[PDB]
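Structure 1 and structure 2 below are the same protein chain in two forms, each given by itself as C-alpha cells.
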Structure 1
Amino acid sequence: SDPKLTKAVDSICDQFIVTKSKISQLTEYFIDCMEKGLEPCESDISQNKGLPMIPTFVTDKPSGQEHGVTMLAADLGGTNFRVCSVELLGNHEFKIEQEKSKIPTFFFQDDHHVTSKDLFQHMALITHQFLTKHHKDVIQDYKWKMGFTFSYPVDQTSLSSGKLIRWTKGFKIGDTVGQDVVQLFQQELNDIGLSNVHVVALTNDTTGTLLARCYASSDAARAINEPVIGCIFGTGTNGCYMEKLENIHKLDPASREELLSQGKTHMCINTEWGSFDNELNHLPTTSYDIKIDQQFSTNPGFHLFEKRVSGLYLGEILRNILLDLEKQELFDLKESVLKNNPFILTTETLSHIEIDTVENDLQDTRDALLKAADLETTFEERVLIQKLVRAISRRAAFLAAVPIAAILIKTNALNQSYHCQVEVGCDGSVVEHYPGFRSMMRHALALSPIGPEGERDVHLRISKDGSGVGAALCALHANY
C-alpha cells in the first residue's frame, strides 16, 4: 500500500465532499437563479449564461382519462433516437410499440461537415422504417399526429414551434442553431413521402416525463403522491416543474391574461438546470472539472452543473484523475490507452466499480478497466480507484438533489395538505441503474433545508413510462 499514492487519493476524495452547508448555499442560490431566470432577458438566448428557465407552453396536467387513436412520437436523446407509436386507452393505461436506434457517431464528430438536414433526413428514414415494420398497412394513407421530444434547450414559442438555443452533450451541428426543429423534421418527412405524418407537438424529455406520470399514475396513487417534477438523470441532466403564470415574467403580459382568463394557473418550465451556475460562483470545482469544461466538452462555458453530475462526463472525471496521478509519477498507466482518448472511461465503467467487493479482489473493477482501455491494475490500486469512483458518484448524487430541493421549496409543495407527499418522476441511466445514486440523492435531500421530514414526503420514482407517452399526450391534444 503505497502511502504516497494513498495519501494523494484520500486528498482528492475530500475535494468531492459536499457538506450540508454547501447544499443549503447551492439550494438557496438556485432559487435566486430561478427568480432571475424568469425575468425577460433582452440578450442573445444562445449566449445567456444564466438558468434558462424556458416556458414550455404546457399548462394542463393529464387527468389519466385521456383516450384516442394511435399517436406517433419521436425522441432524440443524447445517445439514442427512439420512434414509437402510443395508443392512449384511458384509465392510466396505454399500448406502446417502439424502436430504439443509436445515434450514429457521424453526428458526434466534426471531421466531416454535418448539417441539420443530415440529422433530420436520418430521423425521417428511421420513422419510415418504423412505420413499415409496425404499421405496414396504413403507413401512407393514415393521418398520423407525431409528438417530437427534443432533449435539448429550445426557445419554445408554442406547443408546436421553437428554435434550438444551443446544442449540448455531444452535438455540435452549427446550422441547427436558430432554426425551428419541428419544421426541419417535418420537411424531411415530406421529402420521403411521409407528408401525412404531422409533427404537431414539441416537448423536452423533462416535460414529457412529468406529463407521462400524471397520466400513468393511478387515481389512488396520484391522490397520495402528486407529480410535481419531471427530471432526467441520464446522458445529461435537467428537470421541469409547474410555475405560477403570474411569476413567469418572460411571457407576454397579454398572453398571460388570456391564459388566466381561460382558467389556466400554471405553465411548465424547462429549467435547464444543467446550466445552473455556469459562472461557477458556488459550484464545486476541481482541476479535472476545468479540463472537461474547457477541453473535452462540446459546450465550453455552458452546462457546468451537468458536467459534474450526468453520465456523459462522470467517467471522464476519473480519467483526468488517473492522468493527474500519472503526471505526478504516482500511478503507472502501463500500456493503457487513456492518453489522448477522451471519454474512453464511461459512467457504465464506473457502475461496475461502485459496488465491487474486496472478497473478489475487485475483479469487476479489473475487467471493467481492462475492457475500457486495457488498464492493468493491482489490488491496492483498485482499492484506491474504488474510493475515487465512490467520491465522484456521491458528489454527483448530492448536487443532483439541490435543484429538486430548490423547486420544492420555492413552490411550497411539501406542505399543502395533511399526509401530503410529492412524486418526482426520474428517468435516465444514472438515476435508474447506477447503484446507490438514488439512495445518495435522498441523503442530500435530507440534509437540504427541507430536512429528513421533507425527504420522507418525496418519492423519487423511476418513470419507465417515458417521454413518448407524454409526447403522444401533447399530440392527442393538438390538431392534425
Structure 2
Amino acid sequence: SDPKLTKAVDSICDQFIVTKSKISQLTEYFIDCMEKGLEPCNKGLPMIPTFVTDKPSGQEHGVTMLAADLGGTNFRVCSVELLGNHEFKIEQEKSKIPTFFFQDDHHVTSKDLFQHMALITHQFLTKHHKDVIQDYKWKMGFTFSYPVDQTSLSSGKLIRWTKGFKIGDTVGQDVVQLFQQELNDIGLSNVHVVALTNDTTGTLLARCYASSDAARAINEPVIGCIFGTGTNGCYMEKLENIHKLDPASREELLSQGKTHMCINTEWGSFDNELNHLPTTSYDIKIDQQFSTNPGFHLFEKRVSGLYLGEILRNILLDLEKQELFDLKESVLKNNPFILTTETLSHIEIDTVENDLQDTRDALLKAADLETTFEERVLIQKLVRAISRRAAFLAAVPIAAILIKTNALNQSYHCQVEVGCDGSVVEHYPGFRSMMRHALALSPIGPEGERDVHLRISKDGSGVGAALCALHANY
C-alpha cells in the first residue's frame, strides 16, 4: 500500500481522463477535418470516395459473387450466395500469408503477392466450384483495407502499406489491375475484379442486408466502422458535399437518382498534428519506438487494441525507474507488445472480492510478473484508465458524423445503427458501454445516444465485398 506508488498511479490515471469539454472540442474539430478533406487537393481527413451509392435492401437474391480479403495474417477467398430475406450461403478458405511479405530483405514484389493471391483463388474454385471454374462469369469484390487513392469503384492506387507489409513496388499502382493481371495469367481470366472495397464499407453494407425489414423500419444503418487492432469508419455523404469528385461525374450520378456516396474517412489518421488529441509520454514512446510507421495513424494508436497493453507496459517500466514498482524478475523489459489487450480484458472487470485472482493469473501468464494484492488494485486502475480513454476517443468520430449529417432527427422514432466490427468493440468488457457514455456527453447529448445503437456487424470482408460487386458490370 505504498502511498508514494498510490499517488503516482492516481496522477497517471488523471492524465488519461477525457472530459466532456474535450469530447466537444474534438467532435467540432473532427467535423472541420471532415470538411477540409472533402475539398479538392492538408490537415483534413483523407475522406476517400468509395463510389458506392446504394445501400442494399436485404432482398437481393439469385446470384453468387466472389470476394477476396487481404489482411495482416491471412488471405481469404470466398463465394457469397445471396438468398434474399437477409440470408446468404458462404463458402470460404483462408491461407496464411508467407512471412516473406512482412520482411524487407527478400526482394518481394507485387507480382509475388498478387500471383500468390491468384493461386489461392484458383485453389478455392478448384475445391468448391470445380465444375464451373473456367466457364462461370464470376464477379469478385476485392477487400483491401489499406490507404488507397480510390478513383472509381474498380480502380485505386496504394498510398502506403500498413499492417507491416513490405512490398515497395505496390505503392502508386492500381491494385485492381495488379490482381486482375495475375488472375488472367493463371487461367482465371473469367474472374473479373469489379469492385475495390474497404472493410468499413463492407461492414455497413453487410448490416444493411441483414438488418430486417421490420428492424430497418425505424432503424437505419448510417456508419460502418472497425475497432480492433486498427480503427476506421465510413458514412454516407451527400454528393453535393463531395467537392473533390469530378463535377461532371457528380451530375452523372445525380441524374441516375443517386444522392449519397459512401466515404472512407480513414479516421485512424485523425489530427496527426496533435493540435487537440491527448498525448502522454507513453503515447510518444509507442509511436516513435514501437510502431512500424512512426508518425502515422496517431489517433489509431490511442484507441487500437494493439497498443493498449503496451501503454500499460511502459507505465510499469516508468514506475520501475522511479523505484515505485518492483518487477521482481518479470519479462516486461525489452519485450514490446508482450502485454496485449487480451491481458487487460481479464483485469478490467476482475472483482476485488476475489483478491483479483484473474489479474494475478493474467500477468503471470503473459510475463511472469508476480504481484501483490495492493499492486493489482492499482494496476487495475491503470487499465481502466487506459480503456476509458480509448472508448471515449472512439466515440468522437461517431458523434461527429451523426452531427454533420443530421442523422438523428430525421423522423418520428428515428433510430440509427452503427455497425461495428473489431476485437476491441466486440470483446473488450464494457468498451461499448463506455462509448455510449461518451456519446451521451458529446453534443448529441443523452437524447441522441438513446437513439443510437452500436450493433456488432460481422462478415464485412465477405458479404460486404460481394454486395459492392453485385451492382457493378462484369
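Throughout, residue numbering runs from 1 along the sequence of structure 1. What we label the rigid core is the largest C-alpha set whose atoms superpose within 1.5 Å from one form to the other.
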{"item": "Sole residue of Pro449, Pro435, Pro55, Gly68 shifting 2 angstroms or more in CA between structure 1 and structure 2, core aligned", "value": "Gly68"}
{"item": "Rigid-core frame, C-alpha of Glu380, shift of 2 angstroms or more between structure 1 and structure 2", "value": "no"}
{"item": "Core fit, then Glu99 C-alpha moves 2 Å or more between structure 1 and structure 2", "value": "yes"}
{"item": "Rigid core fit then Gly174 CA moved by 2 Å or more between structure 1 and structure 2", "value": "yes"}
{"item": "Inter-form CA displacement between structure 1 and structure 2 at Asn190 - rigid core frame, Å", "value": "5.3"}
{"item": "Core-aligned CA shift between structure 1 and structure 2 for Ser85 (Å)", "value": "2.8"}
{"item": "Angstrom displacement of the CA atom of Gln421 between structure 1 and structure 2, core fixed", "value": "1.0"}
